[PDB]
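# got a sequence here, can you model it:
(chains A, B and C, ligands or ions: 8)
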Amino acid sequence: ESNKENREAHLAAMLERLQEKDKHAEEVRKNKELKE
Amino acid sequence: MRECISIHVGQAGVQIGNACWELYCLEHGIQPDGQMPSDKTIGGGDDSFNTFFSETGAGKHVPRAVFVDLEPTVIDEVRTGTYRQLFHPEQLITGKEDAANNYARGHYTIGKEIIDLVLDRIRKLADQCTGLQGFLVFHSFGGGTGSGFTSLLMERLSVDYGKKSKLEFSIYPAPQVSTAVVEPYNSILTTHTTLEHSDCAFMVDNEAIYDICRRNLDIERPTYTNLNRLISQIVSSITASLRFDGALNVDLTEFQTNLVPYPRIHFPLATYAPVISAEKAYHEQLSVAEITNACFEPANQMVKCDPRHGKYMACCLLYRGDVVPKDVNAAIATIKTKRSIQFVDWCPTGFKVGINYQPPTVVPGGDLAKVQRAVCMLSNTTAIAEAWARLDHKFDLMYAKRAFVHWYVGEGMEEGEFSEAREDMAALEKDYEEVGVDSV
Amino acid sequence: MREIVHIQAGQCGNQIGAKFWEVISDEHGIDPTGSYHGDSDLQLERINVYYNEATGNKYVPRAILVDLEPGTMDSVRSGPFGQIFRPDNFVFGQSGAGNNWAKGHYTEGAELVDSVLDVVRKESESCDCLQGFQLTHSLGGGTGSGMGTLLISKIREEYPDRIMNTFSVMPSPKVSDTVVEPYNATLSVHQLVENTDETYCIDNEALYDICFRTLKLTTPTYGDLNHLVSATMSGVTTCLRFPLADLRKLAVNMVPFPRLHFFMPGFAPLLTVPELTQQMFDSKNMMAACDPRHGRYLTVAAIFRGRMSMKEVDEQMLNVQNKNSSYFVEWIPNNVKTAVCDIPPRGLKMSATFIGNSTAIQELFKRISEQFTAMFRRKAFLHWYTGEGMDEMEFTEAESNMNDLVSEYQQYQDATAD
Ligand SMILES: COc1cc([C@@H]2c3cc4c(cc3[C@H](Sc3nnc[nH]3)[C@@H]3COC(=O)[C@H]23)OCO4)cc(OC)c1OC
Ligand SMILES: Nc1nc2c(ncn2[C@@H]2O[C@H](COP(=O)(O)OP(=O)(O)OP(=O)(O)O)[C@@H](O)[C@H]2O)c(=O)[nH]1
Ligand SMILES: Nc1nc2c(ncn2[C@@H]2O[C@H](COP(=O)(O)OP(=O)(O)O)[C@@H](O)[C@H]2O)c(=O)[nH]1
Ligand SMILES: [Ca+2]
Ligand SMILES: [Mg+2]
Ligand SMILES: [Mg+2]
Ligand SMILES: [Mg+2]
Ligand code: NA
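Numbering: from 1, shown residues only, chains lettered A, B, ... in the order given. Ligands and ions are numbered 1, 2, ... in the order given. See below for the structure:
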């Protein structure tokens, strides 16, 4: 059970970092709208 | 009655299993289709070889064995190999994704997907037994499956079979024969986890076997096939008392009484002789005295260590072939006046002898010469801790930098398991020191 | 049945991708029409790692070709083996990237990416058990570098537990296409450090110097460079493709710390086993412009191919370690592994390929970092990138990360056992 929680939490952290990259890529394209 | 079930885990365990079961068939006169013409009781019986083989009504003699690996390609060669007909398809179990040299994946991520199936197949074998004696588990220390899945299996076997005996044949890693860099981690982890679940474990140092093949058989670079044929001869020597009977035969369980003075001190040192090429065996007959003498030569040990620098707590000689006790006793009398055989002060110094009369066989077209008599010595010497020291040192080198530890943490493990396993090894090494110290 | 999915992105990625497929197709006995005409069952035993089996007993590369321009990809369809690729696996835009990482990563590349991921998913779902992915691409351009790292990240969201392996061509002024290459490379390294498991550093400066100095080629073309790339790529994939290796076992044994996953590949010859071993470890044979005598080896893998004494391979591999032990970190015991494959590459009786994790790879990243810092100190050419939505802190972030990488390789180079 401990091993299952640990590994799941590592995957969750990984996907959360990847989804923060998605947010930043939207702020970048929105930031391009605001200079056109 | 007295059945033993063999379990072969990962590539090492499976390939050694191939070699062992081939050798058993040759020793017993069982053909590759499983027919045994000498066996007149069709479909059953209580013969000595029935401890290792069940029988179908169609005359087939079937290994009491399960082969398990988390990838398919090594067991597939069994499924398609010479002895494919020996085994029922259900005895050969494979996953699709191996453990990638990672204990954590063998014990947890991948292993947990197949452990229930493996246990269900073992239960199917156990149910055919009238008096199951225990398990023989074959595996490497170093692979992800051999280390991690084996520990999981052993833990589960203790739950499902209580204190029913479990013996291991464990392949100890050597750089010569291929080897992942993380094998010291896998070795300590599996040794720590299995320690309380195993009753007796025969370590086999791949470097020892490699050296014996190069030196005695004159093979420049031994293959796995070379190593495993030699290993199967040692396994066969050790299990011969289970599979044959005779007036001078002594059951492995009686040796085990002598070999295990404390639960954790359960790692006997095996030595085997003689190992000789056909060219050298021709016109040379090795006597009882000659082969006995060879057991006390360190070059013939299954594990590299120096017993001259430790103390004995037991010495067992398992003879097979043309050997009578008179020649044994003389040979031992000679040995005891010419060798460094120092016992601990709390244990008797006799050698325990058994003789199995059925002579040794070899695989036709192999490199081992057929001899008329052979011997395997099993001793319990504090010197075997040198093997743990060597492995603990490689562990410590890597662990102090946490090298590769992220591959195990990524699979859900914690550093806490590393230090707890390493501390258990440190206590094991101290256990071996304490038992060798003279009594007050 | 441990499938790899291959992705080639951009001009460089597609050109070396196409050579790679020609080279290993020849090795496995596959012709441009996809039919097997080989002479050894060892060519087909693991063919499924890289190829799909189709109707008519045809074999199709499990490959995906990606570019923001039709140019290179039309050349691929025309060249040799052009019609062995699955036509639905071509995914091309129209606008191009302009050698602008931000265009490949955020803008143009971002609205082509979803259609690439549809092909990735189709290829992955027919896989009995996917190992992971390998991407070929350059870091100096815009499509392979910017959209390639975008693909890596997006694939990591759907396959977080699969291996990501890249062949990443590093830019050199000796072959320089543009001037902003140190920007595109540094932004790309930033992503690679975080989102790949293993990266072969194919350094155009090494390839140039090899072609010029050793091969005696006064005007090296991309054809001459790529010939080195293809032989290297064939060499480092040998153990994946013939019946000891897979991508995860490779990463487990080569990568002691997750960020230190940039490998220096080596090849010989550019003939006896001692001679071959010697040349494989020589700085002149490195596919990355780094001198291994200026750092220390964390891990090493060597593949010998051809019929030769394995006892002599063992003795010479032990020889080069014992005589150079100071160059191998003591706290990773037994850190050099050797494999032998009977089947030589085309045109050689024997060959040696080298995969090294050396702390000397820092010389590569330090060269890029100085070319980056020289332009960023004067804010040169930044408008190309802020013009797509980026801000300077992302440059400041990317270069700090790459300097941290250098510091980390240095920290382990300097670390001792006692
Ligand atoms: C796919 O490419 C290779 C990878 C490895 C690599 C690999 C790479 C290594 C390493 C170990 C190991 C291990 S070796 C092993 N043998 N038994 C269990 N594990 C494993 C095995 O399979 C592997 O794939 C691992 O130490 C330093 O670098 C090695 C190679 O050749 C030596 C190959 O060279 C091309
Ligand atoms: N004596 C002997 N050793 C072997 C054999 N096969 C592998 N080994 C050794 O076993 C260790 C590696 O473990 P393996 O059994 O191959 O690995 P595994 O159990 O299949 O684990 P994974 O492949 O990681 O899932 C190394 O020390 C190898 O040298 C063999 O047939 N005979
Ligand atoms: N080795 C090699 N390098 C290349 C090749 N084509 C382009 N390059 C290099 O790749 C970089 C340019 O990236 P490129 O792939 O052409 O741009 P992209 O199409 O936007 O990805 C420059 O550093 C070129 O030197 C090739 O076929 N082989
Ligand atoms: Ca003779
Ligand atoms: Mg395996
Ligand atoms: Mg270009
Ligand atoms: Mg390879
Ligand atoms: Na019978």
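# check what contacts stretch C:221-228 and list those residues.
Residues outside stretch C:221-228 that contact it (C-beta atoms under 8 Å, 6 or more residues apart in numbering or on different chains): C:15-16, C:19, C:175, C:204, C:207-208, C:210-211, C:215, C:217, C:267, C:270, C:287. Yep, even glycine has a C-beta here, placed from its N, CA and C like the rest.
# quick one: contacts for the residue in chain B positioned nearest to ligand 7?
Here chain B gets closest to ligand 7 at one residue, residue B:178, 13.5 Å apart by C-beta to the ion. Residues near residue B:178 by C-beta under 8 Å, 6+ apart: C:244, C:337.
# burial count for residue 20?
Since you didn't name a chain, this refers to chain A. Residues contacting residue A:20 under the criterion other C-beta atoms under 10 Å in any protein chain shown number 10.
# wrong one, I was asking about chain C
Neighbour number of residue C:20 under other C-beta under 10 Å is 25.
# try the one 4 residues further on
The local packing of residue C:24 (other C-beta under 10 Å) involves 23 other residues.
# now do the SS call for it.
Using DSSP: H, G, I helix; E, B strand; the rest coil, the structure places residue C:24 in helix.
# pretty sure it contacts residue C:235?
No: using C-beta atoms under 8 Å, residue C:24 is not in contact with residue C:235, being 10.7 Å away.
# what helix or strand does the closest residue to residue C:81 other than its chain neighbours sit in?
Nearest residue to residue C:81, sequence neighbours excluded (C-beta to C-beta, 6 or more residues apart in numbering or on different chains): residue C:32, at 4.6 Å. Assessed by DSSP states H and E, residue C:32 sits outside every helix and strand.
# contacts only, for residue C:32.
Taking C-beta under 8 Å, 6+ apart as the test, what residue C:32 contacts is C:25, C:80-84.
# swap in residue B:384?
B:203, B:267-269, B:303, B:305, B:310, B:432.
# how close does it sit to ligand 8?
39 Å (C-beta to the ion, to the nearest Å).
# roughly how far does the closest residue in space to residue C:283 that isn't next to it in sequence sit from residue C:214?
Computed as C-beta to C-beta, 6+ apart, the closest residue to residue C:283 that is not its neighbour in sequence is residue C:291, at 4.4 Å. Here the criterion is C-beta to C-beta, to the nearest Å. By it, residue C:291 lies 15 Å from residue C:214.
# hang on, the earlier thing: report the two of the contacts of residue B:384 separated the most.
With C-beta to C-beta as the measure, no two of those lie farther apart than B:203 and B:310, at 14.7 Å.
# by proximity to chain A, which residue of chain B wins?
residue B:412 (3.4 Å; C-beta to the nearest C-beta).
# wait, what's in contact with that residue?
A:2-7, A:10, B:104, B:108-109.
# residue C:303 now?
Going by C-beta under 8 Å, 6+ apart, the list of residues near residue C:303 reads C:235-236, C:238-239, C:339-341, C:352-353.
# residue B:195 now?
Taking C-beta under 8 Å, 6+ apart as the test, what residue B:195 contacts is B:264, B:424, B:428.
# distance check, it against residue C:45.
From residue B:195 to residue C:45 the distance is 39 Å (C-beta to C-beta).
# repeat for residue C:230
Distance from residue C:230 to residue C:45, by C-beta to C-beta: 22 Å.
# assign whatever residue of chain A ends up closest to ligand 8 to helix, strand or coil.
Closest contact between chain A and ligand 8, by C-beta to the ion, is at residue A:3 (45.9 Å). Under three-state DSSP, residue A:3 falls in the helix class.
# at the geometric centre of chain B, which residue do we find?
Centroid check for chain B by C-alpha atoms, centre = their mean gives residue B:169 as the closest residue, at 2.3 Å.
# so residue 26, which of the three states?
I went with chain A, as the question did not name one. With three-state DSSP as the criterion, residue A:26 reads helix.
# does the helix or strand hosting residue C:148 come close to ligand 3?
Assigned by DSSP H and E, residue C:148 falls within helix C:148-158. No: using C-beta under 6 Å from any ligand atom, we find that helix C:148-158 stays clear of ligand 3, coming within 7.5 Å at best.
# quick one, strands of the chain?
All of this refers to chain A. In order along the chain, chain A carries no strands (DSSP state E).
# the intended chain is chain B.
Under DSSP E, chain B gives strands at B:4-9, B:53-55, B:61-63, B:65-69, B:92-94, B:134-140, B:165-172, B:200-205, B:269-273, B:312-321, B:352-356, B:373-381.
# can you tell me the strand partners of the fourth one and which way each runs?
Looking at strand B:65-69 with DSSP bridges, its paired strands and their directions are strand B:4-9 (parallel), strand B:92-94 (parallel).
# out of those strands, which is closest to ligand 8?
Among the strands paired with strand B:65-69, strand B:4-9 sits nearest to ligand 8 (C-beta to the ion), with 16.9 Å.
# residues touching residue C:277, list them.
C:302, C:313, C:316-317, C:319-320, C:352.
# need those in a markdown table with secondary structure, can you?
Shown next, in a markdown table, are the contacts of residue C:277 (three-state DSSP):
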| residue | secondary structure |
| --- | --- |
| C:302 | strand |
| C:313 | helix |
| C:316 | helix |
| C:317 | helix |
| C:319 | helix |
| C:320 | helix |
| C:352 | strand |
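# give me the buried subset of these.
Buried members of the contacts of residue C:277, counted by 16 or more other C-beta atoms under 10 Å in any protein chain shown: C:302, C:313, C:316-317, C:320, C:352.
# and which of those residues is nearest ligand 6?
residue C:352 (32.1 Å).
# from residue C:301, how far out is the closest one?
Distance from residue C:352 to residue C:301, by C-beta to C-beta: 11 Å.
# residue B:160 - how many residues pack around it?
12.
# and for residue B:357?
Other residues close to residue B:357 by other C-beta under 10 Å number 18.
# do the same with the one 3 residues further on
By the other C-beta under 10 Å criterion, the neighbourhood of residue B:360 contains 21 residues.
# quick check: closest non-adjacent residue to the residue of the stretch 251-400 of chain B found nearest ligand 2.
Closest to ligand 2 within the stretch 251-400 of chain B is residue B:302: 10.8 Å, counting by C-beta to the nearest ligand atom. Distances taken as C-beta to C-beta, 6+ apart put residue B:270 closest to residue B:302, at 4.1 Å, once the chain neighbours are dropped.
# what of residue B:255?
Residue B:255's closest residue in space is residue B:316 (C-beta to C-beta, 6+ apart), at 4.7 Å.
# what ranges do the strands span in the stretch 251-400 of chain C?
With strands called from DSSP state E, counting those that start in this stretch, the stretch 251-400 of chain C shows them at C:262-268, C:297-306, C:336-341, C:350-358.
# out of these, which is closest to residue B:89?
strand C:336-341 (32.1 Å).
# does chain B sit close to that closest one?
Yes: Strand C:336-341 comes into contact with chain B (C-beta under 8 Å from any C-beta of the partner chain), by way of residue C:337.
# which residues does that strand contact?
With C-beta under 8 Å, 6+ apart, strand C:336-341 has contacts from B:178-179, B:181, C:238-239, C:242, C:244-245, C:253, C:297, C:299-305, C:308, C:310, C:313-314, C:317, C:321, C:328.
# what are the boundaries of the helices in the stretch 201-350 of chain C?
C:204-209, C:222-236, C:238-241, C:247-254, C:273-280, C:310-322 (DSSP state H, counting those that start in this stretch).
# dump those to TSV, plus distance to ligand 3.
Formatted as TSV, these follow (distance: least, C-beta to the nearest ligand atom, whole Å):
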stretch	distance to ligand 3
helix C:204-209	5
helix C:222-236	4
helix C:238-241	21
helix C:247-254	23
helix C:273-280	21
helix C:310-322	28
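# ok, which of these comes nearest residue B:121?
Between the helices of the stretch 201-350 of chain C, helix C:247-254 lies closest to residue B:121; by C-beta to C-beta that is 26.9 Å.
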